[PDB]
Amino acid sequence: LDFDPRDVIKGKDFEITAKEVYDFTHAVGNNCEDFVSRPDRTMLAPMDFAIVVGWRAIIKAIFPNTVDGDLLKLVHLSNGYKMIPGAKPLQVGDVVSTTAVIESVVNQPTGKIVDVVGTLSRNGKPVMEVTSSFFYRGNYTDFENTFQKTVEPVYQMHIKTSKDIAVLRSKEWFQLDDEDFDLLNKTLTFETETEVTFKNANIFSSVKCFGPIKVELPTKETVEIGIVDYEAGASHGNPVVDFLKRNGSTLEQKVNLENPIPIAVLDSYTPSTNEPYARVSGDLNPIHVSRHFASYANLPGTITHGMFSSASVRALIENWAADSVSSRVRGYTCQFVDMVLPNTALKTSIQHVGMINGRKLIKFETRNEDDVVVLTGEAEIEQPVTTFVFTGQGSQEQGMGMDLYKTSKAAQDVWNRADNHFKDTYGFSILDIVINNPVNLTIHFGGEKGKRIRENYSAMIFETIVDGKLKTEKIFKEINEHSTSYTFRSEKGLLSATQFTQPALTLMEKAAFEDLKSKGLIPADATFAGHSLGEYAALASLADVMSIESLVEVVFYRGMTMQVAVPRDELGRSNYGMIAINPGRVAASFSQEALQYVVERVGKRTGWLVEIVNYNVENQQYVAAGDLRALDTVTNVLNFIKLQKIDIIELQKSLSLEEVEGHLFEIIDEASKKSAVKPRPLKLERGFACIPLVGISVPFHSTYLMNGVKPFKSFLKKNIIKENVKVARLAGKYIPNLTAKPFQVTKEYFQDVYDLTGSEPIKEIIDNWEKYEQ
Amino acid sequence: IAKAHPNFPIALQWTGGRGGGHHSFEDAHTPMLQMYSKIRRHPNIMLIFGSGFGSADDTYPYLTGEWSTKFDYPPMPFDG
Amino acid sequence: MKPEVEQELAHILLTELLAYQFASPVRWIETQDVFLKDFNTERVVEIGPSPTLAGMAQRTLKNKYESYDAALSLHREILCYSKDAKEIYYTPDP
Amino acid sequence: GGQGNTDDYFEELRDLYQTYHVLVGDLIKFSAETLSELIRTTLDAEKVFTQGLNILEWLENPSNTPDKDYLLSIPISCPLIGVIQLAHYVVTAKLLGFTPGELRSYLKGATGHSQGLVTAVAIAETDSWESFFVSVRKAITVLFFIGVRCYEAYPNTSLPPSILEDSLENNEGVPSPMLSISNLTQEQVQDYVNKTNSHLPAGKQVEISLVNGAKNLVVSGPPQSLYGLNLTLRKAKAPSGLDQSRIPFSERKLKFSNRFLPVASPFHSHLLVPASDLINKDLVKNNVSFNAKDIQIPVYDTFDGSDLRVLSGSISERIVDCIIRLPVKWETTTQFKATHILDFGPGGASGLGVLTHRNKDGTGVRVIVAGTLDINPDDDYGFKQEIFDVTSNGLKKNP
């Protein structure tokens, strides 16, 4: 008992044997059909097995002599787990190492509480944390070895005025690396961890407060600046939180749901005796087995184990809340209130009240037969494996999100930071675009702000690949240093010209997504993708690749680069477009290669441009784009061949491969000029299996635009910062559209993207791959 | 009907869809392939089978009962 | 490996991936599979203005993954943000 | 009858300790005593009977009975179904004043379902009333070691409620390790499970377990994967009251009911194969070993259909393989020519006898229920009394 109540307690290595959890699961009455396997293979364990492997280390903290306690009237108050995020649940082959450190020993009038935080590990890596709370009831005045230590709720400090940045460094515990840091309009959070040492019930003897100060980047990814550093003897409170109480808010990760939704009201049975559990848990506590002890402690009788009661109720939840998959429980905590006697039935409630970090916050509460509460706690329970797909262009409309923009504080903080940026950099606000799509938009170039904006318009350059030449040529030909205005033209409204839709769509999606992040609805292992425009709105929403101000920049530039490379008419409509082909309606046997046989001959024959741009769903959805003069030919040839049901597919079977060459050449050059009778203003119509796409007048995702990709790439290199991209939120969770395989930083992935695009940045990397080695 | 009248001969002319004239959708065999037992539990039912009969050889297997053999069933002979 | 050179390399890779994405076609087939076949997503959430991708996912689900999602018996749940707000907000009515 | 014909099989012991108490009281006492002795003498089955298996007190006060969650499990039921089958056998050999060997001398052959086949082969060695209890021991230990050596080979785990609720409105019960399919040929269910086995790995594949009728089949597998093929059947559903009466026959979609059999383990599958040697060692560990010269009446194989007199090695070896590994081809094992089938298995009016009747219906065989005393309006089968009628009212011959 010369044990130190301050040091950490080293447990002992416990290789899980496969029969230890088979025996545990039943002795707990854990009927959860998720944990038992066959011998000669490793087993999987319950989360509560942490206490089996943690007890011999956890309780060594209440033993040291300086913490003097009457072990008999010792009461277990609460127990919580925290499966740390990123680790797999424990398997039996795992030789788990445990380590426990006493956190705080607070001494109330009614006793003194000890809170031990054990941390179990395997292979060095921490696996899960276990918190617990005992209670030595009675009176103690041993303050000289009393100490409390807590983690405070992270405090946000939204600096707006200039006089607060003074009161901040007016303080001695507020210091940064560079006091010259621009503190205006930034957002400061305080992840602090405070310690305290008592000398009376209220008069502290030593307070410490520390924890980094972080700032929201333009990507809202917090980065540290400085370190809170406070220390004071003979305090009476803690100042560094008070100055954060009333000055700043509480960044509460727990977000309550709008209305609680009950899951179940169930019943369990305390065991016949406490001996079977006591033998498994290694807890030979004679309060639950013997009778000459429970009566010694004035107890109702040989009570159960409280920890058994926790494990049973947890098992009562994994089946019902986690649909009987255990890996979805990433944390669980529970309070003991009063005690229960064996062979008793418990009314357990299960309720969904909150959300955290995209995972469900399930409260529970167990009633006795007389319906008195014994257990209260909640669970860190995952959602199902989720995927967020983000839409593309062609789905824009009025007021899109402008309802949510009226509601979600965390959403309007996006449209604001966007238009304000556009208002000041291009004199042109989206929030006035979406709420009423205008037909034309003239940009005035007023005084100083005006000239500043006009040169900003003329400051963008459309490069073009011509024999390696990065040919610098002007985005805006009508602009010049003498223009005082500039107009935008579209007949239906500018939400039909991709010039402005791309930023509107990526905004609306990102502005609706980060509202979900405000509600704690996003997993850490969620996957994400986008259809042909939503890739940026996805990247920025999930991995925070770019600030919203720089995101809207590139998405607006993309619209422009797509726009200028196609000749529009007097009003700004194009001879190009895209079409949706459903190979199912033309022929029940219309293969994927049937489209390649039908349309490639159109392109090789008519010399025009049509190409199947998107492979959405096979034999059901393939969309093509390009020259409308050939697009309507590909339209009409299918509406004719469905009337004939001439399967080119069986022509590859019934006839030879090179006879059908000319055989379909006849049909195609016969129908090509038959359909070519079209006038100049080519208006597309829906036929048998062709579905026209409205608004879309540029044929994107075509080889026709291959020239304008090096300019974009060069531009992209400026806006996206390697510091902003985090590989953690990209490996395996991002599925690109260039490569339809999850984003992985591998050589073959580089070789996978290269051989389909023929780009030098990958050949120069794979040939210098030995930067892999350092 | 038969259960209502025990000693009153009532003949079931079970024809099948494959006959002439007015037309039923059912197959010939499968209804009698599983009602035969429910019938013979009444001795006052003459079971008669039609819909497609042209010679003795055509219907002889239905007369002896051999038709239900190729349908994996006890031989079930008909009454005409 | 060394995390920072990997940051560098991944930034390059993402850069060119978005770059040539401009003109190359969209292999939504193989994507629509891998996130629906390998990871076995239970909740696909279309974040957008109109439910185009939800309709695009149901018809590849019923068509090519009908025997599969039965042999495994998932509740493959398709939601757009537009039309399925209560199911994504977990605020259904009694 | 084997396992899975009724839901509450223990209720059939209610009457037996109640009705023929003066008659089966000694036998049930002997059986329960040797059975509890088996729990004590075996290494670690003290843990597999979580609420113990003292059955005698479960008889006087039903409050001492644990419910189906513990009562329907295999290591607790498999011996009890066998003792029920033996009790309905002793009451009639006794009420007919027959020593067991005397009654056995009457039959042409005896066979059992999934489970009862051990009871049949046990009866085939019985000669006297005192030489009866050694056979009772021989039988009941076989079923005790089958239940135990399986319940750890493939225990029951709690099914995720997301299926428990989604299966009820689909007009099904709690998914159990075996599922019964009617109105469907043996070729079509294979066509389907081949589609489902194509997805899942070997440890979750399913297979047909009981070719019960010609258009009545049972497949086994994990309750998860079985519910899965139950789903993949719903694409081939058609509600039974859809009135296809206005669409040609070949244009109709096959309607057929199905339900989960109240069982606790996938009999006649691969999931239990790892237990075969574990019981074979458990038997030779004890004295139980059946011989061909010891049986006089033929006993038929549920898998081959042949008599167990002729067998390469130990007969007791194929007996368990027919309950764990090999499927039962019930019409293949009913290739005998006899006039009456009296069944002592569990379930009575819903037991094996009724389906055997529906199979051998136009063959002129007359099944009688040797389990229950009741009445049947059309009298297609018989009951307790028809075993004991001395008038011409007992010898009734269906056509």
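Note that chain A is numbered according to Swiss-Prot, with residues 1277-2050 shown in order.
The way this entry was determined, per its header, is electron microscopy, 2.8 Å.
Every residue gets a Cβ built from N, Cα and C, even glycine.
Annotated active site, for malonyltransferase activity per Swiss-Prot: A:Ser1808, in sequence order, evidence recorded as similarity to another entry. Residues or ranges marked as ubiquitin cross-link in Swiss-Prot (evidence: a large-scale study or a structure entry): A:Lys1364. What Swiss-Prot lists as domain 'MaoC-like' is A:1523-1648. The annotation region 'Malonyl/palmitoyl transferase' is assigned in Swiss-Prot to A:1627-1845.
Each of the recorded positions A:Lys1364, A:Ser1808 was scored by other CB atoms within 10 A of its CB, and the lowest score goes to A:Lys1364. Per-class residue totals from DSSP over the domain 'MaoC-like' (A:1523-1648), listed helix then strand then coil: 22 helix, 46 strand, 58 coil. Separating the Cα atoms of A:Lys1364 (ubiquitin cross-link) and A:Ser1808 (active site, for malonyltransferase activity) is a whole-number distance of 34 Å.
DSSP gives A:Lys1364 (ubiquitin cross-link) a coil state; it is part of no helix or strand. Secondary structure at A:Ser1808 (active site, for malonyltransferase activity), taken from DSSP and collapsed to helix, strand or coil, is coil.
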